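In: Experimental coordinates follow, after the sequence.
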Amino acid sequence: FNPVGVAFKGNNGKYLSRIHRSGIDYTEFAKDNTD
């Protein structure tokens, strides 16, 4: 039993820092591909 606890409570990710813009010049989301 634990109704008070859902999921959002108690959850940590990591050091969010790697890509910004200088190290990337693509457009996968901006422009989709055909097939």
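Out: Structure's in. What do you need? Residues are numbered from 1 along each chain as shown.
In: Every contact and neighbour count from this point should use C-alpha atoms.
Out: Will do.
In: And the residue nearest the centre of this structure?
Out: residue 16 (9.1 Å; CA atoms, centre = their mean).
In: In three-state terms, label that residue for me.
Out: Taken by DSSP: H, G, I helix; E, B strand; the rest coil, the conformation at residue 16 corresponds to coil.
In: contacting residues for it?
Out: By CA atoms under 8 Å, 6 or more residues apart in numbering, the contact list for residue 16 is empty.
In: roughly how far apart are it and residue 1?
Out: Residue 16 sits 34 Å away from residue 1, going by CA to CA, to the nearest Å.
In: got it, and residue 11?
Out: Applying CA to CA, the value for residue 11 to residue 1 is 20 Å.
In: likewise residue 27?
Out: Distance, residue 27 to residue 1, using CA to CA: 47 Å.
In: what about the two, which has more around it?
Out: Comparing residue 27 with residue 1 by other CA atoms under 10 Å, the one with more neighbours is residue 27, at 9 against 4.
In: gap between that one and residue 21?
Out: Using CA to CA, one gets 11 Å for the distance from residue 27 to residue 21.
In: Equivalent analysis for residue 7, please.
Out: Distance, residue 7 to residue 21, by CA to CA: 32 Å.
In: Likewise for residue 30?
Out: According to CA to CA, residue 30 and residue 21 sit 14 Å apart.
In: Then residue 28?
Out: Per CA to CA, residue 28 is found 14 Å from residue 21.
In: Check residue 34 too.
Out: Taken as CA to CA, the span from residue 34 to residue 21 is 25 Å.
In: what about the two, which has more around it?
Out: The neighbour count for residue 34 versus residue 21, taken as other CA under 10 Å, is higher for residue 21 (8 against 4).
In: Identify the residues contacting that one.
Out: Not one residue lies near residue 21 by CA under 8 Å, 6+ apart.
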